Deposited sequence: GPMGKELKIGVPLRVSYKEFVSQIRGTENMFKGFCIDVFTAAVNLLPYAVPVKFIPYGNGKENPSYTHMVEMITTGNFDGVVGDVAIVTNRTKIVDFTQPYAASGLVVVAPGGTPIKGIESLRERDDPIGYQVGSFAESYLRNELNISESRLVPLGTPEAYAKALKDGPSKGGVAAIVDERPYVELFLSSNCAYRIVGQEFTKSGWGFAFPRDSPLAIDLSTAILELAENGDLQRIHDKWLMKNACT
């Protein structure tokens, strides 16, 4: 059986969540996609889903993927963004889900988008465990003093409501999929400006894994048939 790392998510469980009363039993969009894709392969793939994370906060997804390079995981299934530092250590599938960063802010915010958020003095929120932190630092040179990690949609909402004046944020940078789920439950907030990154979600396997190439064909089969959108819509639908 393959040891498949799964992120032990504390928020936005629609993507992946551990089943109550179990360590190794998971449900969600990412798990349905995987299950769908494996069923199109010419060979059996017996798995053990191993939770990665402390159960209190969403894990570092980069660190989850690194456990492939150490041989602790045979691969990783979840909402894993196919970003460059990750692609240098493991082999991702074709993307099964479109993603990328947006700016989330209050209705009347003076922020026009990422460029305006940039030159500001104020805190920016990001999601616990996300690449979004290194992107803000490496790509936009935002001071670490300004970057606030936020673990839950409830923490997102409190931080935006409070604002910089009360130990909150002026805005949150997070990938569109989580943000759509957030705004669905928190209709006071908006995306400001354009999606300014475009990395999708992939399944991660060891470099030169045949399973990453076989699963890519299977994912292209799900997308071409409309099933990928069907799976997306059954888990994700102001």
Missing residue ranges, deposited sequence indexing starting at 1
1-5, 243-245, 247
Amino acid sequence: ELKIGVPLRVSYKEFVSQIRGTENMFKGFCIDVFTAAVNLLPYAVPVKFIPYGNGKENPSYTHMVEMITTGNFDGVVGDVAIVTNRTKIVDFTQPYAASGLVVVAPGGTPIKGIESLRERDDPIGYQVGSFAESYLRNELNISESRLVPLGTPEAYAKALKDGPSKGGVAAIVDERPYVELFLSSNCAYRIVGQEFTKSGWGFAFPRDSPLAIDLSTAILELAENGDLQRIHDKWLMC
From here on, numbers count along this sequence of modelled residues.
Tell me whether residue 6 turns out to be unmodelled in at least a third of the other entries of this protein, restricted to those that model residues on both sides.
no
Does residue 231, which is modelled here, drop out in at least a third of the other compared PDB entries?
no
Higher avg CA temperature factor (202-210 vs 34-42, as deposited) belongs to 202-210
Given the B-factors recorded for C-alpha atoms, which segment has the greater mean, 174-182 or 193-201?
193-201
Which third, lowest, middle or highest, does the C-alpha temperature factor of residue 94 belong to within its own chain?
middle
Looking at the entry's B-factor column for C-alpha atoms only, identify whether residue 13 ranks in the lowest, middle or highest third of its chain.
middle
Lowest, middle or highest third: where is residue 79 by Cα B-factor in its chain?
lowest
Of the three thirds of its chain by CA temperature factor, lowest, middle or highest, which one includes residue 128?
lowest
If you rank the chain by CA B-factor, which third does residue 19 end up in: lowest, middle or highest?
highest
